[PDB]
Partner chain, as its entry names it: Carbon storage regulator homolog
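Next comes just one chain, in structure tokens: the form deposited without its partner chain.
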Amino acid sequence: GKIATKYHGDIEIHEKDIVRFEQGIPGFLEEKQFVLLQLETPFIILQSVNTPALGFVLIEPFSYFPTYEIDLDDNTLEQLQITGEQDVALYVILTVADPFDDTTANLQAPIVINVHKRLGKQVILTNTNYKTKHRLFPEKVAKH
């Protein structure tokens, strides 16, 4: 099938490309089908198959946040059929700034995918030190 996208133009996608988010994503419960499209960069677009403008910029968190450590709740593990960490790909969503060096990531709400089962969820971590905005880069502007 063919879809429109935010960053890639019109593309052809296969059924086996689709990751199903059975609960949608927070704010958009009706958005249950996404494809992951590499920004030809360490960046991947979480692209809705139904709504072209709904395309989020993702990174794999450890590339910028090497100590990122989360503990998924039992309900999420069941919903995504996760048996161990080998089943899982993790991503965090960026809030892209201009200039890019001011970009932040939401470490509180990672995207969690069981890759081989093609199932996804955005998990909101409630028990943790992580916040909605963590800079990807150290501060450059001088400060007292």
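What we label the rigid core is the largest C-alpha set whose atoms superpose within 1.5 Å from one form to the other. Residue numbers count along the first chain shown, from 1.
This protein has a second form, the form solved in complex with its partner chain, left out of what is shown; the following refers to that one.
Not one of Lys16, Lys32 and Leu90 comes within 4.5 Å of its partner chain in the deposited bound form, counting any heavy atom. Interface membership of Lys133, defined by any non-hydrogen atom within 4.5 Å of its partner chain in the deposited bound form, is confirmed. Although the partner is absent from this view, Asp71 stays clear of its partner chain in the deposited bound form, with no non-hydrogen atom inside 4.5 angstroms. Using a 4.5 angstroms limit between non-hydrogen atoms, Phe62 is distant from its partner chain in the deposited bound form. Among residues of the shown chain, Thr103 is one whose heavy atoms approach its partner chain to within 4.5 Å in the deposited bound form. Among the residues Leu119, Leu94, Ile82, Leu36, the one placing a heavy atom within 4.5 Å of its partner chain in the deposited bound form is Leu94.
After superposition on the rigid core, the Cα of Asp101 moves by 2 Å or more between this form and the one not shown.
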